[PDB]
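Structure file work_30.txt (compact mmCIF, N, CA, C and O atoms) follows.
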```txt
# COMPACT_ATOMS: atom_id res chain seq x y z
N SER A 1 0.82 -1.21 0.00
CA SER A 1 0.00 0.00 0.00
C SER A 1 0.86 1.26 0.00
O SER A 1 1.95 1.29 0.56
N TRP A 2 0.34 2.29 -0.67
CA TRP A 2 0.88 3.64 -0.66
C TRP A 2 -0.24 4.61 -0.39
O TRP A 2 -1.36 4.42 -0.88
N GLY A 3 0.05 5.67 0.35
CA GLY A 3 -1.00 6.61 0.70
C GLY A 3 -0.46 7.74 1.54
O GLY A 3 0.63 7.67 2.11
N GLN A 4 -1.26 8.79 1.61
CA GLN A 4 -0.89 10.01 2.30
C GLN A 4 -2.01 10.39 3.26
O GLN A 4 -3.18 10.05 3.05
N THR A 5 -1.64 11.09 4.33
CA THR A 5 -2.57 11.60 5.32
C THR A 5 -2.14 13.01 5.72
O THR A 5 -0.95 13.23 6.00
N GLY A 6 -3.10 13.96 5.74
CA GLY A 6 -2.79 15.28 6.24
C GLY A 6 -2.67 15.33 7.77
O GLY A 6 -3.10 14.45 8.52
N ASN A 7 -2.04 16.40 8.25
CA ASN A 7 -1.96 16.66 9.68
C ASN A 7 -2.17 18.14 9.87
O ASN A 7 -1.46 18.95 9.25
N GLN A 8 -3.12 18.50 10.72
CA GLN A 8 -3.41 19.91 10.97
C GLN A 8 -3.34 20.25 12.46
O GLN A 8 -3.67 21.37 12.86
N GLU A 9 -2.78 19.34 13.27
CA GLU A 9 -2.92 19.38 14.73
C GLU A 9 -1.97 20.41 15.34
O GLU A 9 -0.91 20.10 15.88
N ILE A 10 -2.41 21.67 15.31
CA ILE A 10 -1.58 22.78 15.74
C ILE A 10 -2.44 23.77 16.53
O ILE A 10 -3.67 23.70 16.51
N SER A 11 -1.78 24.68 17.23
CA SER A 11 -2.45 25.76 17.95
C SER A 11 -3.57 26.38 17.11
O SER A 11 -3.38 26.66 15.93
N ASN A 12 -4.75 26.57 17.73
CA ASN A 12 -5.86 27.19 17.00
C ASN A 12 -5.50 28.57 16.49
O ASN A 12 -6.08 29.02 15.49
N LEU A 13 -4.54 29.24 17.12
CA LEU A 13 -4.11 30.57 16.75
C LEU A 13 -2.88 30.57 15.85
O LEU A 13 -2.20 31.60 15.76
N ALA A 14 -2.57 29.45 15.19
CA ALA A 14 -1.23 29.27 14.64
C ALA A 14 -0.91 30.29 13.56
O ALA A 14 0.22 30.79 13.48
N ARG A 15 -1.93 30.63 12.76
CA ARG A 15 -1.80 31.54 11.62
C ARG A 15 -1.34 32.95 12.01
O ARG A 15 -0.68 33.61 11.20
N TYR A 16 -1.66 33.43 13.22
CA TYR A 16 -1.81 34.86 13.51
C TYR A 16 -0.59 35.48 14.19
O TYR A 16 0.22 34.80 14.81
N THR A 17 -0.51 36.82 14.09
CA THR A 17 0.34 37.59 15.01
C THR A 17 -0.50 37.93 16.23
O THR A 17 -1.58 38.53 16.10
N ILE A 18 -0.02 37.53 17.40
CA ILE A 18 -0.80 37.56 18.63
C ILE A 18 -0.21 38.62 19.54
O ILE A 18 0.94 38.50 19.98
N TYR A 19 -1.01 39.63 19.84
CA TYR A 19 -0.74 40.51 20.96
C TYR A 19 -1.75 40.20 22.06
O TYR A 19 -2.92 39.91 21.78
N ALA A 20 -1.27 40.20 23.30
CA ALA A 20 -2.11 39.92 24.45
C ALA A 20 -1.95 41.05 25.46
O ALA A 20 -0.85 41.58 25.63
N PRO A 21 -3.03 41.45 26.14
CA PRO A 21 -2.87 42.51 27.15
C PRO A 21 -2.00 42.09 28.33
O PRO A 21 -1.26 42.93 28.85
N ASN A 22 -2.07 40.82 28.76
CA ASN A 22 -1.26 40.25 29.84
C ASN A 22 -0.81 41.28 30.88
O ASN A 22 0.38 41.53 31.05
N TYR A 23 -1.79 41.91 31.54
CA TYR A 23 -1.52 42.85 32.62
C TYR A 23 -0.55 42.25 33.63
O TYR A 23 0.27 42.96 34.22
N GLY A 24 -0.65 40.94 33.84
CA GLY A 24 0.26 40.21 34.69
C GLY A 24 -0.43 39.80 35.96
O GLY A 24 -0.03 40.22 37.05
N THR A 25 -1.48 38.98 35.84
CA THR A 25 -2.37 38.67 36.95
C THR A 25 -2.16 37.27 37.51
O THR A 25 -3.00 36.75 38.24
N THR A 26 -1.03 36.67 37.20
CA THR A 26 -0.92 35.24 37.10
C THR A 26 0.35 34.81 37.81
O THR A 26 1.33 35.56 37.85
N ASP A 27 0.32 33.64 38.43
CA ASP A 27 1.50 33.21 39.16
C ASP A 27 2.64 33.01 38.17
O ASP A 27 2.45 32.48 37.07
N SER A 28 3.81 33.50 38.53
CA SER A 28 5.03 33.28 37.81
C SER A 28 5.92 32.34 38.63
O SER A 28 5.40 31.48 39.37
N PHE A 29 7.23 32.48 38.49
CA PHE A 29 8.20 31.87 39.40
C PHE A 29 9.49 32.68 39.32
O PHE A 29 10.11 32.77 38.25
N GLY A 30 9.87 33.27 40.44
CA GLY A 30 11.01 34.16 40.45
C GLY A 30 10.90 35.32 39.49
O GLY A 30 11.91 35.75 38.94
N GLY A 31 9.69 35.87 39.30
CA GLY A 31 9.49 36.95 38.35
C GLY A 31 9.26 36.43 36.94
O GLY A 31 8.83 35.30 36.74
N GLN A 32 9.58 37.28 35.95
CA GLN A 32 9.37 36.96 34.53
C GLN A 32 7.90 36.60 34.28
O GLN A 32 7.55 35.62 33.61
N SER A 33 7.01 37.43 34.84
CA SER A 33 5.60 37.40 34.42
C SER A 33 5.43 37.93 33.00
O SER A 33 4.48 37.55 32.31
N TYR A 34 6.35 38.83 32.57
CA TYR A 34 6.29 39.48 31.26
C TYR A 34 5.02 40.30 31.10
O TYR A 34 4.45 40.37 30.00
N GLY A 35 4.55 40.89 32.20
CA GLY A 35 3.31 41.65 32.17
C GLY A 35 3.49 43.00 31.52
O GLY A 35 4.61 43.50 31.39
N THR A 36 2.39 43.61 31.10
CA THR A 36 2.47 44.93 30.48
C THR A 36 2.08 46.08 31.41
O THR A 36 2.17 47.24 31.01
N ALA A 37 1.68 45.80 32.65
CA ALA A 37 1.44 46.88 33.59
C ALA A 37 2.76 47.48 34.07
O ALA A 37 3.77 46.79 34.17
N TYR A 38 2.73 48.77 34.39
CA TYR A 38 3.90 49.45 34.94
C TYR A 38 3.47 50.72 35.66
O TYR A 38 2.62 51.48 35.18
N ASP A 39 4.09 50.96 36.82
CA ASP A 39 3.86 52.18 37.60
C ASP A 39 4.61 53.35 36.94
O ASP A 39 5.57 53.91 37.48
N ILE A 40 4.16 53.70 35.73
CA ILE A 40 4.77 54.81 34.99
C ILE A 40 4.80 56.09 35.81
O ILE A 40 5.61 56.98 35.54
N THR A 41 3.93 56.21 36.81
CA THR A 41 3.83 57.46 37.54
C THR A 41 4.82 57.53 38.69
O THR A 41 5.17 58.65 39.09
N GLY A 42 5.26 56.38 39.21
CA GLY A 42 6.16 56.35 40.35
C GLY A 42 5.48 56.47 41.69
O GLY A 42 6.09 56.92 42.66
N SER A 43 4.21 56.08 41.76
CA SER A 43 3.42 56.16 42.99
C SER A 43 3.68 55.01 43.93
O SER A 43 3.39 55.13 45.12
N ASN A 44 4.15 53.89 43.39
CA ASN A 44 4.44 52.63 44.08
C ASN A 44 3.20 51.76 44.09
O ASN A 44 3.17 50.72 44.76
N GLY A 45 2.16 52.19 43.36
CA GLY A 45 0.97 51.41 43.17
C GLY A 45 -0.21 51.84 44.02
O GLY A 45 -0.45 53.04 44.20
N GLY A 46 -0.95 50.86 44.56
CA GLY A 46 -2.21 51.14 45.23
C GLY A 46 -3.31 51.58 44.28
O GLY A 46 -3.74 52.73 44.31
N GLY A 47 -3.77 50.67 43.43
CA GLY A 47 -4.66 51.02 42.34
C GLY A 47 -4.19 50.45 41.02
O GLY A 47 -3.08 49.93 40.89
N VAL A 48 -5.07 50.54 40.03
CA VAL A 48 -4.81 49.94 38.74
C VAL A 48 -3.69 50.71 38.05
O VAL A 48 -3.70 51.95 38.00
N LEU A 49 -2.67 49.95 37.50
CA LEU A 49 -1.61 50.57 36.72
C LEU A 49 -1.98 50.63 35.23
O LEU A 49 -2.73 49.78 34.73
N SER B 1 -61.38 11.88 52.33
CA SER B 1 -60.00 11.62 52.75
C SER B 1 -59.52 12.65 53.76
O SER B 1 -59.92 13.82 53.73
N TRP B 2 -58.67 12.19 54.68
CA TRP B 2 -57.95 13.02 55.63
C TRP B 2 -56.49 12.61 55.62
O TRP B 2 -56.18 11.42 55.49
N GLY B 3 -55.61 13.58 55.77
CA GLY B 3 -54.19 13.28 55.71
C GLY B 3 -53.35 14.51 55.91
O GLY B 3 -53.83 15.65 55.80
N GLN B 4 -52.09 14.27 56.19
CA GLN B 4 -51.13 15.32 56.50
C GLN B 4 -49.90 15.14 55.63
O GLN B 4 -49.58 14.02 55.20
N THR B 5 -49.22 16.25 55.36
CA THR B 5 -47.98 16.26 54.60
C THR B 5 -47.02 17.25 55.26
O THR B 5 -47.42 18.38 55.58
N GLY B 6 -45.75 16.82 55.47
CA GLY B 6 -44.75 17.75 55.96
C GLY B 6 -44.27 18.74 54.89
O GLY B 6 -44.45 18.57 53.68
N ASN B 7 -43.66 19.81 55.36
CA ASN B 7 -43.02 20.77 54.47
C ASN B 7 -41.72 21.18 55.12
O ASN B 7 -41.70 21.60 56.28
N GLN B 8 -40.63 21.05 54.37
CA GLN B 8 -39.31 21.40 54.90
C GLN B 8 -38.59 22.42 54.00
O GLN B 8 -37.43 22.74 54.24
N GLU B 9 -39.32 23.04 53.06
CA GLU B 9 -38.73 23.78 51.95
C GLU B 9 -38.27 25.17 52.41
O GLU B 9 -38.92 26.19 52.18
N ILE B 10 -37.08 25.20 53.00
CA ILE B 10 -36.55 26.42 53.60
C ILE B 10 -35.06 26.52 53.29
O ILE B 10 -34.43 25.55 52.86
N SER B 11 -34.50 27.70 53.52
CA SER B 11 -33.07 27.93 53.37
C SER B 11 -32.26 26.79 53.99
O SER B 11 -32.55 26.34 55.09
N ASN B 12 -31.24 26.31 53.24
CA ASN B 12 -30.40 25.23 53.76
C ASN B 12 -29.72 25.63 55.07
O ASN B 12 -29.39 24.76 55.88
N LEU B 13 -29.54 26.93 55.30
CA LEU B 13 -28.90 27.45 56.49
C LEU B 13 -29.88 27.87 57.57
O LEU B 13 -29.51 28.64 58.46
N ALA B 14 -31.12 27.37 57.52
CA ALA B 14 -32.20 28.02 58.28
C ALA B 14 -31.96 27.95 59.77
O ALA B 14 -32.24 28.91 60.50
N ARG B 15 -31.40 26.83 60.23
CA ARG B 15 -31.17 26.54 61.64
C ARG B 15 -30.23 27.54 62.32
O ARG B 15 -30.37 27.78 63.53
N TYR B 16 -29.27 28.14 61.58
CA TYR B 16 -28.01 28.63 62.14
C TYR B 16 -27.99 30.14 62.40
O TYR B 16 -28.76 30.91 61.82
N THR B 17 -27.06 30.55 63.27
CA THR B 17 -26.63 31.95 63.32
C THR B 17 -25.50 32.12 62.32
O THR B 17 -24.49 31.41 62.40
N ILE B 18 -25.68 33.05 61.38
CA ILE B 18 -24.81 33.17 60.22
C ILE B 18 -24.03 34.46 60.35
O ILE B 18 -24.61 35.55 60.34
N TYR B 19 -22.72 34.34 60.43
CA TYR B 19 -21.82 35.45 60.20
C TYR B 19 -21.13 35.23 58.86
O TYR B 19 -20.79 34.09 58.51
N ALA B 20 -20.98 36.31 58.09
CA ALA B 20 -20.33 36.25 56.80
C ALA B 20 -19.23 37.29 56.75
O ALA B 20 -19.38 38.38 57.29
N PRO B 21 -18.10 36.98 56.11
CA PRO B 21 -17.05 38.01 56.02
C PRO B 21 -17.45 39.22 55.19
O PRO B 21 -17.06 40.34 55.53
N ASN B 22 -18.23 39.03 54.12
CA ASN B 22 -18.75 40.10 53.25
C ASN B 22 -17.87 41.34 53.22
O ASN B 22 -18.30 42.43 53.64
N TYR B 23 -16.63 41.17 52.77
CA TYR B 23 -15.70 42.29 52.59
C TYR B 23 -16.36 43.42 51.81
O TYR B 23 -16.09 44.60 52.06
N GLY B 24 -17.24 43.07 50.87
CA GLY B 24 -18.01 44.03 50.12
C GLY B 24 -17.51 44.11 48.71
O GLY B 24 -17.05 45.17 48.28
N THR B 25 -17.59 43.00 47.97
CA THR B 25 -16.95 42.87 46.66
C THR B 25 -17.95 42.92 45.52
O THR B 25 -17.63 42.55 44.39
N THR B 26 -19.13 43.42 45.78
CA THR B 26 -20.32 43.00 45.07
C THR B 26 -21.11 44.25 44.72
O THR B 26 -21.08 45.25 45.45
N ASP B 27 -21.78 44.22 43.57
CA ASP B 27 -22.52 45.41 43.17
C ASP B 27 -23.64 45.64 44.18
O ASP B 27 -24.31 44.71 44.63
N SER B 28 -23.80 46.90 44.58
CA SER B 28 -24.89 47.33 45.41
C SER B 28 -25.82 48.20 44.55
O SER B 28 -25.93 47.96 43.33
N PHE B 29 -26.49 49.16 45.17
CA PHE B 29 -27.19 50.23 44.47
C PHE B 29 -27.32 51.40 45.42
O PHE B 29 -27.96 51.29 46.48
N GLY B 30 -26.71 52.52 45.06
CA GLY B 30 -26.67 53.66 45.95
C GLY B 30 -26.05 53.37 47.29
O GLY B 30 -26.47 53.96 48.29
N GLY B 31 -25.02 52.51 47.34
CA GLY B 31 -24.41 52.15 48.61
C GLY B 31 -25.15 51.01 49.28
O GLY B 31 -25.83 50.22 48.64
N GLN B 32 -25.02 50.94 50.61
CA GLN B 32 -25.61 49.86 51.42
C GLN B 32 -25.15 48.49 50.91
O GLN B 32 -25.93 47.54 50.73
N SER B 33 -23.84 48.38 50.67
CA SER B 33 -23.22 47.07 50.50
C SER B 33 -23.19 46.29 51.80
O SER B 33 -23.19 45.05 51.78
N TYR B 34 -23.17 47.00 52.95
CA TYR B 34 -23.08 46.41 54.28
C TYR B 34 -21.80 45.59 54.44
O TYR B 34 -21.80 44.56 55.12
N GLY B 35 -20.72 46.06 53.81
CA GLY B 35 -19.46 45.33 53.85
C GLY B 35 -18.76 45.51 55.17
O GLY B 35 -19.04 46.43 55.94
N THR B 36 -17.82 44.61 55.47
CA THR B 36 -17.07 44.71 56.72
C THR B 36 -15.68 45.31 56.56
O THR B 36 -14.98 45.49 57.55
N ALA B 37 -15.25 45.63 55.34
CA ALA B 37 -13.97 46.31 55.18
C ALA B 37 -14.09 47.77 55.61
O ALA B 37 -15.15 48.40 55.47
N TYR B 38 -12.99 48.33 56.11
CA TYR B 38 -12.95 49.74 56.47
C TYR B 38 -11.50 50.22 56.53
O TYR B 38 -10.61 49.53 57.04
N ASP B 39 -11.27 51.43 56.01
CA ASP B 39 -9.96 52.08 56.05
C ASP B 39 -9.71 52.62 57.47
O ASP B 39 -9.64 53.83 57.71
N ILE B 40 -9.60 51.69 58.42
CA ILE B 40 -9.35 52.07 59.81
C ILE B 40 -8.12 52.95 59.95
O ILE B 40 -7.99 53.68 60.94
N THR B 41 -7.21 52.90 58.99
CA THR B 41 -5.96 53.63 59.12
C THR B 41 -6.07 55.06 58.64
O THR B 41 -5.28 55.90 59.10
N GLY B 42 -7.01 55.35 57.74
CA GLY B 42 -7.16 56.68 57.18
C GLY B 42 -6.24 56.96 56.01
O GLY B 42 -5.91 58.13 55.75
N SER B 43 -5.80 55.92 55.31
CA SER B 43 -4.89 56.05 54.18
C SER B 43 -5.59 56.44 52.90
O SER B 43 -4.94 56.95 51.99
N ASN B 44 -6.89 56.15 52.81
CA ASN B 44 -7.78 56.38 51.67
C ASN B 44 -7.73 55.18 50.75
O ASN B 44 -8.28 55.23 49.64
N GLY B 45 -7.07 54.11 51.20
CA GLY B 45 -7.07 52.85 50.49
C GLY B 45 -5.79 52.58 49.70
O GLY B 45 -4.69 52.87 50.18
N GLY B 46 -5.94 52.03 48.49
CA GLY B 46 -4.81 51.55 47.73
C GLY B 46 -4.18 50.30 48.32
O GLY B 46 -3.05 50.34 48.82
N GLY B 47 -4.89 49.18 48.28
CA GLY B 47 -4.49 47.99 49.00
C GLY B 47 -5.64 47.41 49.81
O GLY B 47 -6.69 48.02 49.98
N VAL B 48 -5.40 46.20 50.30
CA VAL B 48 -6.44 45.47 51.01
C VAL B 48 -6.71 46.16 52.34
O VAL B 48 -5.78 46.50 53.08
N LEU B 49 -8.04 46.38 52.65
CA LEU B 49 -8.42 46.93 53.95
C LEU B 49 -8.67 45.81 54.97
O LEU B 49 -9.06 44.69 54.60
```
When written as structure tokens, how does the structure in this file appear?
Amino acid sequence: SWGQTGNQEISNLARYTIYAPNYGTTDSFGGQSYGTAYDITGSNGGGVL
Amino acid sequence: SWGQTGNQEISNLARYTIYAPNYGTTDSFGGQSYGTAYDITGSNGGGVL
């Protein structure tokens, strides 16, 4: 026998350029959350950045 | 016919004295959340009370 089979088993988002808001709400380990929030004002926080 | 039927259809907690933490995380209307959080320190917030 000879024959071929397709395979499409990849990330549903595989085609795309992906930007994510990733404020950084999520457990990391030793930092490197890679979040996009930042205290641009220098207040030290206490509220949404 | 004569006969009787019980009825027990009440709050599952009906028996008890209920204290709830109710920090106050929940939509109210015009206030009266009845929450137990308070800025006892007078900081104006920015962080857990």
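Neighbouring residues of residue A:21 at 7 Å or closer, counting all atoms listed in the file and skipping chain neighbours under 5 positions away, are residues 34, 35, 36 and 37 of chain A.
In plain terms, chain B touches chain A through residues 45, 46 and 47 of chain B, where touching means an atom at most 7 Å away, counting only N, CA, C and O atoms.
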Export of the given selection (N, CA, C and O atoms) as a CSV table (one decimal), keeping the file's coordinate frame:
```csv
chain,number,residue,atom,x,y,z
B,45,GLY,N,-7.1,54.1,51.2
B,45,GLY,CA,-7.1,52.8,50.5
B,45,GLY,C,-5.8,52.6,49.7
B,45,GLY,O,-4.7,52.9,50.2
B,46,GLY,N,-5.9,52.0,48.5
B,46,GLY,CA,-4.8,51.6,47.7
B,46,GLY,C,-4.2,50.3,48.3
B,46,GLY,O,-3.0,50.3,48.8
B,47,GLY,N,-4.9,49.2,48.3
B,47,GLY,CA,-4.5,48.0,49.0
B,47,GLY,C,-5.6,47.4,49.8
B,47,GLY,O,-6.7,48.0,50.0
```
Using atom CA of residue B:40 and atom O of residue B:27 as the two end points, give the distance in Å to one decimal.
-> 22.5 Å
Could you work out how far atom O of residue B:17 lies from atom O of residue B:33, giving the answer in Å with one decimal?
->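 Those two atoms sit 17.3 Å apart.
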Taking every listed atom of stretch 40-45 of chain A and adding 8 Å to each side, what centre and edge lengths in Å (one decimal) does the axis-aligned box have, as AutoDock Vina command-line options?
```
--center_x 2.9 --center_y 54.7 --center_z 40.1 --size_x 22.6 --size_y 23.9 --size_z 26.1
```
In Å, how far is it from atom C of residue B:49 to atom O of residue B:29?
->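 Value for the atom C of residue B:49-atom O of residue B:29 distance: 21.8 Å.
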